[PDB]
Every structure is written in C-alpha cells, then in structure tokens.
Amino acid sequence: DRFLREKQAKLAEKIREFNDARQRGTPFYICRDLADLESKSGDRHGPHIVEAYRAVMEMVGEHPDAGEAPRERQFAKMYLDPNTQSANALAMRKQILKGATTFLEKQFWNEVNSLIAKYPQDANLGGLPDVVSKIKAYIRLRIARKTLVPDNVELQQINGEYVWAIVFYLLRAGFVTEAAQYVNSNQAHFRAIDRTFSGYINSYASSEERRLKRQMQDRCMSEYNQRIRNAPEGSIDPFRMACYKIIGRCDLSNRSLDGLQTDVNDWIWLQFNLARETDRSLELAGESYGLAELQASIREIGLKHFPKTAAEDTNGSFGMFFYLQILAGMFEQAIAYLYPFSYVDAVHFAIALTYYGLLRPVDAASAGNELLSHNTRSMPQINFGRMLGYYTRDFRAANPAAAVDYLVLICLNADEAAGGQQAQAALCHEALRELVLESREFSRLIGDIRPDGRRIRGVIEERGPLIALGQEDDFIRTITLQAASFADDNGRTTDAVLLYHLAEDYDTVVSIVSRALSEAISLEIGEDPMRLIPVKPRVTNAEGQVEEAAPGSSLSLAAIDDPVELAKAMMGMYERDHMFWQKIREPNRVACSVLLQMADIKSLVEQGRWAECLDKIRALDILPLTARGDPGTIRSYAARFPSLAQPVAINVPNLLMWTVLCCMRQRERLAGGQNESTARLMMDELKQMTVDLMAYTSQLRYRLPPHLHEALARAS
C-alpha cells in the first residue's frame, strides 16, 4: 500500500507534459491519459474511475481518434450562469444527458462485440458488418447461453427471430434510427402483431428530441395501460413491454426492467434514456422526468446502499457511487464524496473537470471554507485551489518543481465566467507568493545566474505563460523583489544577493556584499571567521550521479559561505563585463573594491608580513604614508575623510592601527635582519609614518573614536 508515492510521481510527470501542452498550444487529452495511468496502477477501485473518465470524455467531446478535444473551459460560461432557467442552464443539462447516455450505449455496445468475439462459431456472422446482424447474433448467443429470459415466459417470433428483442437491444445499443428502419423494412410483419407500433418508433427516430407527437404519446399511453400494464401475467412479450416503456416513456414513475435478464449497467442506461429536459417555462404536466429528478434519485441510492466515510466502507466499493455521480453531472458532490477514499484521484479528477469548466469553484473571498461548500444560491462549490494546497504539502520540500506545476492549476479558474479573471489569478499568484517565501529554493523557482551571467530561466517564469500576459515579466519581478526584502532583513545575504541580482538592481547587491564585507574585516584578529548560510542548490545528488553541471557551473553549486569569496565573485563578473559594470554607481563599486584590498590587508597582518602589507596600504592612498612628515600633505589627506563610504570609513580605525603595527614591527625587524645607513633611514621613515598617522587621527577628533589616539601612541 506504498505505491501512493510511486503513483504520485507517475501522475506528477504527466502534469508536467499536461501544462507543457497548454503552454505552446500542442494538442493533449487529459482525461485520456489520466484514465490510462489509473488503469495501469492496479487500484482495487480502479475500473470505476477509469470508466467515469471515459464518460466525461464522451460527455464533453474529448475524442482522440478524431483528434477533436475542446478548447480550454469551453463550458465555463454555460455551466456557471447561476440563473437556473437560462438558455445556457438548459443547453448544459441536455448535453449532460446526451453524452451520458451515449456512453452507456457505447458501454453495452462494447460488451456486445466482446461476447460475439467469444463464440465466432456459435455467433453466425456473415461478412456483412451490419448493426442488425450483430444484434441478431448477440440475441442468438443470449439464448444459446439460456440467459435471454427465464424459461417459462412466452415470447413472440417471426421467421423464428424474436423481433421485440431485436428492437429492444437495438435501442439499448444506442441505435434508434436503425431500429425504426428495421420496423419499416419489416412493416409487413409488424402490422400483424402490433400495427400501431410502427407509427410511434418512426416518430421517435425522426425527432431529435427522441420524443413523440401528442396524439402518439396519448395513444401510446392508452395502448400501454389498457392491455399490457394491467393484463394477464406472463402472456406479453417482456421485450415489447420494454420497447413500449422506452419509446413512450410510459410508467415514468416505476423505471424497472421487470421481465428481462438485466444487470446494473442496464438499470443505469434506462434511468438516463428516459430523462428529457423540459423548458423551464412550462408546467410539466405528467411531471416530465429530467436531470434533476434523476440526480435526486442517485442521491438517495447513496444514503441507502452506500456509506459516508472511509471506515464505514471497507469492501472498497466507493468506486461505483463516484462513477454514478459523475454520470449525473454532480461533480461538486462526487469529488467531495471521493476525497477521503482516494484523496489522490479526487484531485486529478477535479483537475481534468476544471480544465473544461465543469467544476464550480468557491468564490475567491472565502478560501477558508471546507472542501464541500454551497453557494448563495444553494449551488455546491469545491475549494479547488485550497484542495491542491493541502495535497501539495506532501512533496513540496523534495520537489517544489513539481509542486509549482500543480499550483499553477489554480489559474484554471482565471476565466471570466468564474467571476474573477484577475481575482482568481490573484489567488494563484498569491499562492505562489507564499510558496517562495516558505522555501529558500530560489535557485530553481525564480532562476539562477551564469558566469556571464545571463539568467538561467527559473521554473516560475518558464511557466510564466500560464500565469500572466505571455511576456510574463510584470509579476515575475514583483515576487522576486519582496522575497529579497525579507532575506536582507533576515540577514540571509546569500539569498538577498541572488534575488536582487535577478531583479537587475545590481547596485543594491553591491551595497549588501560590501556591508557583509565591512563586517568581515571589522572583526578582531584570530576570531572565529565570518560564515554565511549558503544558497539552496538547484540539482542535488550526493553519490554516483552528476546532473547537467559540476560544482561551479553556477553560483547555486558554488558552496559560497564566506563574504570575501562572495564579494570577490560578484565583482569578478561585474567588473569584466561592461554591461553590468555601467549599471553599478561609482561610490558603491569603488567602496567595495577598497574592502577587497582591506580584507587582503587584514589577511597579511593575520599572517604577519609587514613590508607587503604596508605596500597595500600605500596603494589604497587613504592615509598620508608618503607624507614624509610635512603637516601640509597630512592636512590634505584628512580633508578627504567625508568622501569615504560608510562600509570603509568605519574600518579606518582598524586600518590606522594595522598600519602602525607594520611600521613598528618592520622597524624592530630591521634592527636585526637586514646597507646599514639605508637601513637607518628606513628605520627613521617608518618612525615618521607612525608620527604622521598620529596627527591624521588627531585632526579628526570628531569623526573618529575618542580613544583611538591614546591607544595609537601606546603602540607607536
């Protein structure tokens, strides 16, 4: 019972191809493929679901052999008009009955050819593929097997053939015209036993409503009530008593095939074949049986022969009642009935219906309601988007790439008939908005950066066509920015950097990499190094598998966890590419490059190399090292302190202190290992520097810490 994981993947990868097909515009048949998946799953309750798919296939016009499948949501306007006496409310109910009976007729017709192909020697068939040939043969087998009728009752024969069954089983198999043409081609015979009959069925097959004239219908009701309905038992051909109830819709209250060897699938075919949709603008004298009168019936079958919960049903026969409710168009109550028993299929079934516009979504405002919820007009609704939400929380961590595919399907109700074109699309966009904030998986979701780095397109913008204009850039940046605003304010610089770069605000990225670098150098010597929480990688396999990359293919695989290495990389790309370089403003780009040496300096002192470090500081040109001790040039160097950037200026106190330590240690190191006259002038110059910087910090009494000077002298 752990194929649920196995199955969700099979179903998931199909959503990937499903969504891919809507995107470009390639043809694709969702119910066809979902049914195939469910049939090759081995589910105990499988068949009933495979069948219900085939019903809505016929019900809608999803025919793969014809290549004709409806455009997205072809039925939305037609279904979701609340006015219950409208041209669209009626036109729906009618095609619900047409395609529902069409399948029940096809279902039997498939049961027939199968039975025939079982006895090629006992079902005598000519080379002719006549529809009446196969029914005749089917009727022959049904007697050879002794399953046509209980033996005792009397039938009516012509040429030995039982004519009434040849008509009945023609009506059952969806052939109405061919039954009438059989009555006409044999009018000589039919006139003998029932002359009135040929007039009715000819009126039947001629009307597209499969309904009779008023003289016919009243003449048929009478013919049926008088000498059949209350006549001697067993004397009337049960196929004629049946052919009458079909043709005339007689005894519309008692809809049972009493005389025949019939199964539930026949019982079903009748309850659908007898129903016709009247115009709401009339009083149905006789109480013409319609889709609602049928829907009410099925709703009573469940409370009688079926249970409510997953504990009450242990036989596993919930499949039938779901299939029953699908035929009746009660999609809103069926999917809710099924969700406990197979919460997997209840979704994927709810997916395929919404692609066509049959599932009534809950209006966006009240997303909080439970699964099943009723409208302000007592019309059922399902919380389609939220249903996916809960279903998402089983695989959203290991594979958000799949979760996004499922989550865009909130967009299906972006059609205007749902009442929200922007309103439902907003809840989808809102749903993705809080998905990205939940996970740090910014490398797959929103995108990644090359070494150039042109954006490696992220999934949410690969699936941008579904959400937005098709250019799909207005919403993409909007979620990228706000996500960054919550990474920089949570100090997740590695994230905030990645995001702010994608939104093409490269200057802000520089402000962060520098800030993290200013704090990296501002540390004391030998202290625990600064280390930052790296980014969520893109592709992940620890052992034995390398995918589309090696470490360093992109930053997502770089393992950057040190602000020195981060600032080095960004500035690497930014500097050697002139298109990025020119978008980063002067103070921030230089201020960064300063700290890039400063850290290189702090690492020279951590090492303890004095002469090299002092050349770095000399090249920075921040301090008056080359002053040679004339207060003139030193006063000029101190005047240029304001122009320094914040992330540098704060680390000057450390810089000044480091600079002396190199002048003092190389002065002491000169005393021993080193001619001597030139070593004395250096020794004096190095002592002049420590006295020059002494004055530098002194002029800036206001802009530098109070105790820098006194601690400066102590060590000079």
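Here the sequence shown stands for residues 392 to 1065, 1069 to 1110, where the numbers follow full-length UniProt numbering.
All C-beta atoms, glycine included, are put in the ideal place defined by N, C-alpha and C.
Compare the Cα-Cα distances from residue i to each of the options and report the closest residue.
i	options	result
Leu-603	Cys-641, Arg-631, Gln-572 and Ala-583	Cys-641
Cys-819	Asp-864, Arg-415, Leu-1106 and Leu-779	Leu-779
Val-955	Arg-976, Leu-948, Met-989 and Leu-946	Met-989
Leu-694	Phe-709, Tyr-680, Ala-755 and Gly-681	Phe-709
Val-926	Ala-683, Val-655, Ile-951 and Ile-619	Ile-951
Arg-751	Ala-725, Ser-733 and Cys-611	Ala-725
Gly-1020	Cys-1053, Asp-1078 and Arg-1074	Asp-1078
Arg-667	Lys-485, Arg-868 and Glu-449	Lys-485
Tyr-470	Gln-662, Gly-748, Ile-534 and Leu-643	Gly-748
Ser-505	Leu-803, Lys-489, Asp-896 and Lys-525	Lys-525
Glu-449	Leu-488, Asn-881 and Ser-432	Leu-488
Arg-868	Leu-1102, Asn-881, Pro-1099 and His-892	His-892
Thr-700	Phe-732, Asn-706 and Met-711	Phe-732
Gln-772	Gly-650, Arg-784 and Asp-754	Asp-754
For residue i, is the classification buried or exposed, using 16 other Cβ atoms within 10 angstroms of its Cβ as the cut-off for buried?
i	result
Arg-631	buried
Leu-729	buried
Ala-446	buried
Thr-1091	buried
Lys-401	exposed
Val-1043	buried
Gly-1063	exposed
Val-937	exposed
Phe-581	buried
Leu-889	buried
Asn-979	buried
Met-970	exposed
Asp-434	buried
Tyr-781	exposed
What are the boundary residues of the beta strand (DSSP E) that includes residue i?
i	result
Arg-1108	Premise fails: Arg-1108 lies in the alpha helix (DSSP H), 1102–1108, not in any beta strand (DSSP E).
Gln-772	771–773
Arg-671	That residue, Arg-671, is in no beta strand (DSSP E); it is neither H nor E in DSSP.
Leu-763	763–765
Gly-838	838–840
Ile-847	846–848
Who are the near neighbours of residue i in its chain, counting only those whose CB is closer than 6 Å to its CB and skipping five residues on each side?
i	result
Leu-995	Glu-1003 and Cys-1004
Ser-594	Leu-603, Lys-604 and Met-607
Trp-1049	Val-996
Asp-1012	none
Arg-690	none
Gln-1082	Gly-1020
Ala-596	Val-567, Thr-568 and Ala-571
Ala-859	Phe-866
For residue i, I'd like the list of residues in its chain whose CB is within less than 8 Å of its CB, leaving aside the five on either flank, ordered along the chain.
i	result
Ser-1110	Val-1051, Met-1055, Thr-1084, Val-1085 and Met-1088
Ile-801	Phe-775, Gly-776, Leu-779, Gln-815, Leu-818, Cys-819 and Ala-822
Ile-912	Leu-986, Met-989, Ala-990, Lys-993, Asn-1042 and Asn-1045
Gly-590	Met-607
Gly-917	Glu-997
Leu-1047	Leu-1014, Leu-1087, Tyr-1090, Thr-1091, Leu-1102 and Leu-1106
Rounded to whole angstroms, how far is the Cβ of residue i from the Cβ of residue j, which I believe are closer than 8 Å?
i	j	result
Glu-569	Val-522	5 Å
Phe-722	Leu-744	5 Å
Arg-601	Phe-499	That pair is no contact at about 17 Å.
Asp-806	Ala-467	5 Å
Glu-852	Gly-838	7 Å
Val-544	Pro-629	6 Å
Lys-509	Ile-557	Going by Cβ atoms, the distance from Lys-509 to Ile-557 rounds to 20 Å, so no, they are not a contact pair.
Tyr-553	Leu-561	Incorrect: roughly 12 Å between the Cβ atoms, too far for contact.
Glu-463	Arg-413	7 Å
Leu-948	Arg-929	7 Å
From which residue to which residue does the alpha helix (DSSP H) around residue i run?
i	result
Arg-484	478–507
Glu-691	682–696
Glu-1059	1043–1063
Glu-449	437–451
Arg-854	Premise fails: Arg-854 is in no alpha helix (DSSP H) and is neither H nor E.
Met-612	605–615
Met-961	954–967
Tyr-573	568–576
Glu-821	813–829
Here's a check: name, in chain order, each residue in its chain whose Cβ is nearer than 7 Å to the Cβ of residue i, leaving out the five neighbours to either side.
i	result
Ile-421	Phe-409, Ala-743 and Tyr-746
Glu-442	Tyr-714
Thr-669	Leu-675, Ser-679 and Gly-681
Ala-793	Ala-403 and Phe-786
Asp-609	none
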